[PDB]
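Input: a single structure, listed below in structure tokens.
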Amino acid sequence: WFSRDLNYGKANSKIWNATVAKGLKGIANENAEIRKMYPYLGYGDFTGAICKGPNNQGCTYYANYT
Amino acid sequence: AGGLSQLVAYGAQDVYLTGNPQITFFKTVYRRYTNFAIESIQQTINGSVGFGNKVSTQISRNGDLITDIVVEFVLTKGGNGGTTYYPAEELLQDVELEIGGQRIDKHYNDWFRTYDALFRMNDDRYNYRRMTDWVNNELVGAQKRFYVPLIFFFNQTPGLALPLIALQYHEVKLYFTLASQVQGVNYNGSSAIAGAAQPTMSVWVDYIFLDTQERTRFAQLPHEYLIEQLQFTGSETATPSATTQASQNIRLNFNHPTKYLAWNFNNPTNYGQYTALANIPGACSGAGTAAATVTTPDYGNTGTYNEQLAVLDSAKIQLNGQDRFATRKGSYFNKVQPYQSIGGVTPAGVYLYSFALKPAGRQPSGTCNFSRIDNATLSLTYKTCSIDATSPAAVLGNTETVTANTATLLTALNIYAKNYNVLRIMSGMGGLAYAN
Amino acid sequence: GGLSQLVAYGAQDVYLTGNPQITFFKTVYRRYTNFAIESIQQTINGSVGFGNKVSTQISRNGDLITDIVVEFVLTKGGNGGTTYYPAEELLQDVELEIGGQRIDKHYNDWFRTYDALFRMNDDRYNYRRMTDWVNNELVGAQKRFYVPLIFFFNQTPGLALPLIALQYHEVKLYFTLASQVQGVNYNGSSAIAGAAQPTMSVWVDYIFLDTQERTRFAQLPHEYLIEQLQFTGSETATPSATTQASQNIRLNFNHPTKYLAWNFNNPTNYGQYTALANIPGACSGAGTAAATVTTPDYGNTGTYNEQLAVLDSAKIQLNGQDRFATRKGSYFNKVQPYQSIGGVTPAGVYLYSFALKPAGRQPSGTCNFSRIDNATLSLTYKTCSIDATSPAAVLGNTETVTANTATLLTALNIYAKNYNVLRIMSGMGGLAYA
Amino acid sequence: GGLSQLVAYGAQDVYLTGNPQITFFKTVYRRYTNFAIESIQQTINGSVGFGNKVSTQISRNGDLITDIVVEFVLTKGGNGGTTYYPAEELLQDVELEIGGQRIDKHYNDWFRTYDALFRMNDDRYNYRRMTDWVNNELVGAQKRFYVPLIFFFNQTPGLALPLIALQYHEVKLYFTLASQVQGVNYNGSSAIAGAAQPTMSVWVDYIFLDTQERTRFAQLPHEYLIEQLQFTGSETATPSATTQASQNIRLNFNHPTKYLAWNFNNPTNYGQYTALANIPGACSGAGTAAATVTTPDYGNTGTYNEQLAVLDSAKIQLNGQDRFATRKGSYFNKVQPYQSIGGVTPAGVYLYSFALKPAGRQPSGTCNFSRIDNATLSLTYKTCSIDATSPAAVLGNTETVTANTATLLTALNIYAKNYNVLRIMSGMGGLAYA
Amino acid sequence: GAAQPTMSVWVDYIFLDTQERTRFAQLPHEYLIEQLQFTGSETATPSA
Amino acid sequence: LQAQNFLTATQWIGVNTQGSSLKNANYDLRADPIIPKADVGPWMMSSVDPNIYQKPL
Amino acid sequence: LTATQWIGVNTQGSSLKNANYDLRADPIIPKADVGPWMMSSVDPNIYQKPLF
Amino acid sequence: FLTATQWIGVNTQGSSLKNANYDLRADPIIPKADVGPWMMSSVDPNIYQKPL
């Protein structure tokens, strides 16, 4: 029969799941980009900072990873 | 001697409690959590604040998530102590919650009063009253800033914080109606109070700032939230009389898995009046003396636990023609239900029937799905209004099935239902999963 | 703004947010077995009235049972202030029996003691509203009262009694109604002419389960961790004006015990756990010429004024040896419940917990009296030298003394709440331990 | 019946009951390590008396310790209404030292502030019962008071201090007793002739562990996430009748702070956080000819009437920048605790949380002041223009003003509750951060 | 002035010889016994 | 399944007369799953004779 | 982005036109059109556990 | 280090005296099994260490 909710239901779950896959790739990519852009850890002053070079070298607190 | 003598007294009967132990009580390891911070940010109110006016506000995107919302009001007493009753609660006549243009929920001043009557308690309830009324015997002209917390699902738990961060294209708005009159502030019963000030108003939203890893997750992934909604139907009370027990069958146009129903009978003239007036202490203006009038409440003492002044003899809920439970007295719904289901104390005239084991919580614990019930009916039997309200002997020495002659003033009936729906948010937009 | 806090991060924060496990801003709720709850009236077998003993069999009208409320309709035999929790007083005792085995049994005094220790705040007030007249009702007033039962299955759905899993056994509740209830059919020792007999009804809240859950209950064996009340009534060593009485009470208790609880009382006046006095609320007529320290202000029978409590100090011994240092009665009255429950306990009611949280369901330390041969409660009483009719003497006295009227508290009720296991197997059940 | 609800099944039930995960009708209890708890009296060194400092080392009777209660016997030096939480006032402070390191310290005012914010309902009333006289007791009345301590290990079993794992480090408590206690040895500034010196006793509740658990504690390292109280006193920029005072108070705090708390008081009168006035309970003699708005009704020192509070508004700046928008004093007095605690806070006491749920033990967001170079609390005071002796002026006034007597609230107490880590290893321990 | 009762409970015991002592302790037993069931009721009251 | 459509012969060759006990009931309209009617312990047995004509599928 | 495509189809339309008020689950009569005139638009319930 | 049960001493009584034999003659021993699921006793046999 017409089944409005099964037809709309399926359309919704299709978009939703496709969107989830996109979003998951999205968060994975951002995490990978942070690790690549700032592939180091901090030091006692910059305790939880995310760093770009071997030494602190202007590390940040706005791009945390792991 | 000492505690070891107990510890050592161990045997087979202890195995169920301590054998092959799994846990301890003396090593709490706290769960590590994400970084966040919470800021209280003022929203700008659109429209025009004042008695009887409508205003609205759009919640700004200062943070990532929002939870608590507190509406501030400044009111000045239009009379002395005893003339007001939760006036800031009364002033916030209603509030609608809108997400992306869709109405998600709507509360009414009477709901705030009904909700409070059932779910707040002890010092929580008193502190609440301290934020909505004058409780230190303040006098005429006294000025106070009131704080009315909102009770939408996201205003009660961080777990349902609205992800403004995941609503990049949809706005979240609050639409408010301010009462045309507030008792003891700009009106005294039907009389206006000359010189009364218009209220000052401000809406505060508490915002959560998330760290990068969590913000990214929120911004990118879709979400769904299990949320609460309030349904409401207003109707006329089958007014009782000295000559009869009125009865009424109200078909409830309700939907969704409902946690509980709640209702009250009231005199719409006087905010919060759910019971009859009487010449017994606190039951009417001037009660206990010659000047007592059983046509006006002691506003500061509008609520009461004296069930003799309530109008419900008994009630049942019938579903599709079949009784859902046997008919029970009004006192079941007033005292027993909340004993079992909430743990607070409900004032006379306010009733609860839960379908949930624990209706006061967030976690579903049993629901009645009214979207699958063609005919959900609340069946009420009222008490006989034969008691002379001006005579304590009659008011206090009476029986189970009767009430005050002044109980016929409680002509309005407000029936509420709280249910669970799903709010879905994705790719910057959102709305509810179930229409009805 | 909030961001300035968010970035304020250092080593001190690692323990709170490093390697995060949870958030607070996203809640997942659990899906649950579909069920419905209904309050169904039971048939009472026997004549209900004062002094009668009746019972009900819980008809199998659903799958599991939880809450039980006994309804009573009482009338006032006098004015406000003449009754004290009369519906609670009326239900003299309640016995829970499954398949013929006594599981538990409560007494009106237990309900009062339980309440004194474990209910609190508004729940306590509301409870009072369900068992008494608290809005200054007058003589002739009629009201329906609700006395909830407090058996293990009546406190949490988590211990719902699986009637569906008990096809071969009946579940019965026996109720003894008091011969007299103060302010309802008697005033002190005097009958009240024209007093009405109570109306009574028992309501049981049933759970209707979905097919999968109902099948599992019906077919699988079960083990429900439950509580039981042990109780022995006894004589209080009576103190006097000239002496501090002392008493060694053998505690014939068994099973893992969460706590002991006790009170001293005047058996004539329900709920009287303290001495009477001519201070406001402490006796009938207190504050005026007519004050009598032989009759309580019934509506104000309870009090927090320890000066009227009889116990001076106490200790519990296990196998003849001190279990803890002797503490003052006020420790057992105020601190024990502060430490372990979180409410306020009325004077004259005492608690000693063996459990971290005696008020909860989860076992948290018990004293297994089945492994202890000589458990003794050792009590020391206050000197009964204070003239109860004189506020100066009543209110200005010392720690070790009390009212001369404290010698009326000749009854002692000692309770012990313990764990046992209710086993259900193949349609029938009973207690794991004897 | 209930079945009519079960049959009413549809699409909207799937998100609640489809593929169900849990039930409510059967509780799984966890099996726990066997233990027992004993109350043991400590020996206290140094003379006990008003103004004296005494101390005790906790005896190694058990393995872990939790609750600690300080008992004090005080005698009323005047009639009812002359004292205010006198046992709390008496215990001026308590210092916790482990292995020679200061771990924490509480103050009588903190106990009052803490109570004002975090205790509630009957928990609070019973607390009052254990520290004051609340049944209109008269001069000469003697009472034993119990003051529970509020150190991290005194609040939850979860943080029981592992004396067992501290084989080489002692745990000591130092208790400072107040030089004077209102209504006991002094009445305002006047000494009470014949007043008794207090009797003191310190009790510690010991937890005895079974073999397996006891072994783990003695041998393994531990990291206990604990709370600490930071506290300093400040001079108040008191209000004037004609001008509005304001003040920038540097916050000398460090560590991940759950919340700040503060109050404005009259250092003369313990617990006075508000201005006095001729309204019921707001001053000695209020309501009559003798009303004196310079002397409090001590038994009613605390009030909820915000009109007598001094703070107009406040904000916290971090490194010179506003953390949150400026809010009124009533916001910090009523809303903050509404949101974060759920109790009722007395006028004059203010809370600002940096945490989602500061009332619990579980950390839920903190402000780490060790990373904030310049944190400041900015307070704006109400003008003290209202004639305290005239109820019309006291009760009919505006939001921005208070009683002239508010000028006497010269002391400001600012507290911060934070987290730290108490590390225990190889029989020794101390804090991870200083 | 009424006195409180003095009370004592006495039980008469049977002491068995060796063979029966062992048999009773070791063998299972089934004893046919009596029980009293009891319920109180209000009597419909008769009248003149 | 198995239900009321079973006609059993009498236990004796003559005129029969059967009774009906039905002690513990089943008030709910839904037929409860039939229990085993075994004997777990030898102390508290019950003469309940588990009901027939009550099993859905 | 793609939000304009699922927002318009997020809401579900659970309707209960002609439901059985009894407790037993009705048999599933497949609503298959056999008549041109007076056709139904009830959309029968496909969410119906037996339970009895 | 870490004294376990030899600190307060072994319990020479236990729960054997809950149904202790009052007669001078030794009582016969029972195998101490668990015949029924309900009423499982937690009382030790109470055997005389030296017969008269």
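In order, the residues displayed for chain D correspond to 3-436 in Swiss-Prot numbering, which applies throughout.
Cβ atoms are placed via backbone N, Cα and C, with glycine included.
As given in Swiss-Prot:
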{"type": "CARBOHYD", "residues": "D:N280", "note": "N-linked glycosylation site"}
{"type": "CARBOHYD", "residues": "D:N302", "note": "N-linked glycosylation site"}
{"type": "CARBOHYD", "residues": "D:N399", "note": "N-linked glycosylation site"}
{"type": "CARBOHYD", "residues": "D:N406", "note": "N-linked glycosylation site"}
Subset of glycosylation sites (D:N280, D:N399, D:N406) lying within 10 A of D:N302 (N-linked glycosylation site), CA to CA, in sequence order: none
Surrounding CB atoms that lie within 10 Å of the CB of D:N302 (N-linked glycosylation site), all protein chains: 15
Residues satisfying Cβ distance under 8 Å from D:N399 (N-linked glycosylation site), sequence separation of at least 6: D:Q309, D:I388
All-chain count of other Cβ atoms within 10 Å of D:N280 (N-linked glycosylation site): 24
Rounded Cα separation (Å) that holds between D:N406 (N-linked glycosylation site) and D:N280 (N-linked glycosylation site): 12
D:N406 (N-linked glycosylation site): tally of other CB atoms within 10 A of its CB: 23
D:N280 (N-linked glycosylation site) - helix vs strand vs coil (DSSP): coil
Of D:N280, D:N302, D:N406, chain B-adjacent glycosylation sites (C-beta under 8 angstroms): none
Mapped DSSP class for D:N406 (N-linked glycosylation site), helix or strand or coil: helix
